[PDB]
Amino acid sequence: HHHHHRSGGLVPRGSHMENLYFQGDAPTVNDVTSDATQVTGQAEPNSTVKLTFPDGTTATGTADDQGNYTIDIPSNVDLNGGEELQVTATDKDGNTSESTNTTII
């Protein structure tokens, strides 16, 4: 009478997406000139902003709900003339902004 026609089913293959980590700019420092007992500035909101003194003392902190940070200078390190203060804000996923290493002193 006639022939038979059947259809064909197959499984979809697994894939993945890709992305660049941090895309923006480096966290702004305020002029923390030696006698200034606190390092302040603007950074990524609620991001773990690691304060890296060029002495090597790293005072780990986190920026506020607002896009700023306040991390007081610990009584051991001094910002003497020649210190290039490095600040590094790190997003909650782990996307660190550029290291603002700047001689305020």
# chains A, B, ... in the order shown; residues from 1 in each chain; ligands from 1

$ closest_atom_pairs --of "range 70-95 of chain A" --to "range 33-39 of chain A" --cutoff "7 Å" --atoms "only C-alpha atoms" --output "CSV"
residue,atom,partner,partner_atom,distance
A:70,CA,A:39,CA,6.1
A:71,CA,A:39,CA,5.3
A:72,CA,A:38,CA,3.9
A:73,CA,A:38,CA,5.2
A:78,CA,A:34,CA,6.8
A:79,CA,A:34,CA,4.7
A:80,CA,A:34,CA,6.3

$ write_last_selection --atoms "N, CA, C and O atoms" --output "tab-separated table (two decimals), in the first residue's frame"
chain	number	residue	atom	x	y	z
A	70	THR	N	36.32	54.21	54.63
A	70	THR	CA	37.01	54.83	55.76
A	70	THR	C	37.77	53.71	56.48
A	70	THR	O	37.15	52.80	57.05
A	71	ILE	N	39.10	53.73	56.39
A	71	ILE	CA	39.99	52.75	57.03
A	71	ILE	C	41.09	53.52	57.76
A	71	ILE	O	41.95	54.13	57.12
A	72	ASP	N	41.02	53.52	59.10
A	72	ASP	CA	41.97	54.24	59.96
A	72	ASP	C	43.38	53.62	59.89
A	72	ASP	O	43.52	52.39	59.76
A	73	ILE	N	44.41	54.48	59.93
A	73	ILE	CA	45.82	54.06	59.95
A	73	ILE	C	46.14	53.40	61.30
A	73	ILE	O	45.95	54.04	62.35
A	78	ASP	N	53.54	54.27	59.54
A	78	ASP	CA	53.52	55.73	59.39
A	78	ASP	C	53.70	56.09	57.91
A	78	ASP	O	54.56	55.51	57.23
A	79	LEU	N	52.88	57.02	57.41
A	79	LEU	CA	53.00	57.52	56.03
A	79	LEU	C	54.05	58.64	55.97
A	79	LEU	O	53.73	59.84	55.96
A	80	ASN	N	55.33	58.23	55.99
A	80	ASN	CA	56.49	59.14	55.91
A	80	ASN	C	56.73	59.54	54.44
A	80	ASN	O	56.29	58.83	53.53

$ select_by_dssp --residues "chain A" --states "strand (DSSP E)" --output "PyMOL selection string"
chain A and resi 28-29+38-42+50-52+58-60+69-72+84-88+100-103

$ write_last_selection --atoms "C-alpha atoms" --output "mmCIF file, in the first residue's frame"
data_model
loop_
_atom_site.group_PDB
_atom_site.id
_atom_site.type_symbol
_atom_site.label_atom_id
_atom_site.label_comp_id
_atom_site.auth_asym_id
_atom_site.auth_seq_id
_atom_site.Cartn_x
_atom_site.Cartn_y
_atom_site.Cartn_z
ATOM 1 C CA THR A 28 39.719 57.216 44.390
ATOM 2 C CA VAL A 29 41.894 58.057 47.464
ATOM 3 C CA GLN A 38 42.538 57.845 58.702
ATOM 4 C CA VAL A 39 42.677 56.851 55.006
ATOM 5 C CA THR A 40 39.400 57.812 53.256
ATOM 6 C CA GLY A 41 38.218 58.011 49.621
ATOM 7 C CA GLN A 42 35.668 56.691 47.094
ATOM 8 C CA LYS A 50 42.088 46.198 51.110
ATOM 9 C CA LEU A 51 44.256 49.119 52.334
ATOM 10 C CA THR A 52 47.860 48.260 51.326
ATOM 11 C CA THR A 58 47.692 45.577 54.907
ATOM 12 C CA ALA A 59 44.623 46.866 56.811
ATOM 13 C CA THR A 60 41.739 44.844 55.282
ATOM 14 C CA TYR A 69 35.610 53.858 52.344
ATOM 15 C CA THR A 70 37.013 54.826 55.759
ATOM 16 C CA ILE A 71 39.994 52.747 57.029
ATOM 17 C CA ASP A 72 41.971 54.244 59.962
ATOM 18 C CA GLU A 84 53.095 55.363 47.677
ATOM 19 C CA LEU A 85 49.805 54.309 49.343
ATOM 20 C CA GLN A 86 48.173 51.429 47.376
ATOM 21 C CA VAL A 87 44.364 50.929 47.747
ATOM 22 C CA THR A 88 42.490 47.955 46.168
ATOM 23 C CA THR A 100 45.742 53.113 43.147
ATOM 24 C CA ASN A 101 49.394 53.320 44.337
ATOM 25 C CA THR A 102 49.995 57.070 44.937
ATOM 26 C CA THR A 103 52.607 59.079 46.933
#

$ atom_distance --atom1 "CA of residue 44 in chain A" --atom2 "CA of residue 27 in chain A"
6.9 Å

$ residues_around --residues "residue 92 in chain A" --least-positions-apart "6" --cutoff "8 Å" --atoms "only C-alpha atoms" --output "ChimeraX atom specification"
/A:46-48

$ atom_distance --atom1 "CA of residue 14 in chain A" --atom2 "CA of residue 94 in chain A"
26.1 Å

$ residues_around --residues "residue 77 in chain A" --least-positions-apart "5" --cutoff "9 Å" --atoms "only C-alpha atoms" --output "MDAnalysis selection string"
chainID A and resid 53 55:57

$ write_last_selection --atoms "C-alpha atoms" --output "mmCIF file, in the first residue's frame"
data_model
loop_
_atom_site.group_PDB
_atom_site.id
_atom_site.type_symbol
_atom_site.label_atom_id
_atom_site.label_comp_id
_atom_site.auth_asym_id
_atom_site.auth_seq_id
_atom_site.Cartn_x
_atom_site.Cartn_y
_atom_site.Cartn_z
ATOM 1 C CA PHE A 53 50.404 50.521 53.032
ATOM 2 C CA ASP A 55 55.446 49.599 54.322
ATOM 3 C CA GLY A 56 53.694 46.237 53.765
ATOM 4 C CA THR A 57 51.036 46.635 56.503
#

$ closest_residue --among "A:49, A:10, A:32, A:63" --to "residue 81 in chain A" --atoms "only C-alpha atoms"
A:32

$ closest_residue --among "A:75, A:4, A:12, A:21" --to "residue 90 in chain A" --atoms "only C-alpha atoms"
A:21

$ atom_distance --atom1 "CA of residue 64 in chain A" --atom2 "CA of residue 93 in chain A"
16.6 Å

$ decode --residues "range 36-84 of chain A" --atoms "C-alpha atoms" --output "JSON list (two decimals), in the first residue's frame"
[["chain", "number", "residue", "atom", "x", "y", "z"],
["A", 36, "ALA", "CA", 45.84, 62.35, 58.74],
["A", 37, "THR", "CA", 45.09, 59.43, 61.16],
["A", 38, "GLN", "CA", 42.54, 57.84, 58.70],
["A", 39, "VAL", "CA", 42.68, 56.85, 55.01],
["A", 40, "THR", "CA", 39.40, 57.81, 53.26],
["A", 41, "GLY", "CA", 38.22, 58.01, 49.62],
["A", 42, "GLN", "CA", 35.67, 56.69, 47.09],
["A", 43, "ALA", "CA", 35.52, 52.95, 46.18],
["A", 44, "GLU", "CA", 33.16, 50.21, 44.92],
["A", 45, "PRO", "CA", 30.06, 50.22, 47.35],
["A", 46, "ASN", "CA", 30.14, 47.30, 49.92],
["A", 47, "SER", "CA", 33.32, 45.88, 48.30],
["A", 48, "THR", "CA", 36.23, 44.51, 50.36],
["A", 49, "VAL", "CA", 38.65, 47.44, 49.97],
["A", 50, "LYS", "CA", 42.09, 46.20, 51.11],
["A", 51, "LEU", "CA", 44.26, 49.12, 52.33],
["A", 52, "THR", "CA", 47.86, 48.26, 51.33],
["A", 53, "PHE", "CA", 50.40, 50.52, 53.03],
["A", 54, "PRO", "CA", 53.77, 50.51, 50.99],
["A", 55, "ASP", "CA", 55.45, 49.60, 54.32],
["A", 56, "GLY", "CA", 53.69, 46.24, 53.76],
["A", 57, "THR", "CA", 51.04, 46.63, 56.50],
["A", 58, "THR", "CA", 47.69, 45.58, 54.91],
["A", 59, "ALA", "CA", 44.62, 46.87, 56.81],
["A", 60, "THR", "CA", 41.74, 44.84, 55.28],
["A", 61, "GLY", "CA", 38.34, 46.61, 55.25],
["A", 62, "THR", "CA", 35.09, 47.03, 53.29],
["A", 63, "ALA", "CA", 33.58, 50.17, 51.66],
["A", 64, "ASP", "CA", 30.25, 51.58, 52.98],
["A", 65, "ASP", "CA", 26.66, 51.22, 51.57],
["A", 66, "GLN", "CA", 27.65, 54.52, 49.84],
["A", 67, "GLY", "CA", 30.56, 54.43, 47.32],
["A", 68, "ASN", "CA", 33.25, 55.49, 49.80],
["A", 69, "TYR", "CA", 35.61, 53.86, 52.34],
["A", 70, "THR", "CA", 37.01, 54.83, 55.76],
["A", 71, "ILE", "CA", 39.99, 52.75, 57.03],
["A", 72, "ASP", "CA", 41.97, 54.24, 59.96],
["A", 73, "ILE", "CA", 45.82, 54.06, 59.95],
["A", 74, "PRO", "CA", 46.96, 51.40, 62.54],
["A", 75, "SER", "CA", 49.51, 52.41, 65.25],
["A", 76, "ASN", "CA", 52.59, 50.68, 63.73],
["A", 77, "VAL", "CA", 52.73, 52.05, 60.16],
["A", 78, "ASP", "CA", 53.52, 55.73, 59.39],
["A", 79, "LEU", "CA", 53.00, 57.52, 56.03],
["A", 80, "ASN", "CA", 56.49, 59.14, 55.91],
["A", 81, "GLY", "CA", 57.67, 61.21, 52.88],
["A", 82, "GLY", "CA", 58.12, 58.64, 50.07],
["A", 83, "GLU", "CA", 55.19, 56.24, 50.82],
["A", 84, "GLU", "CA", 53.10, 55.36, 47.68]]
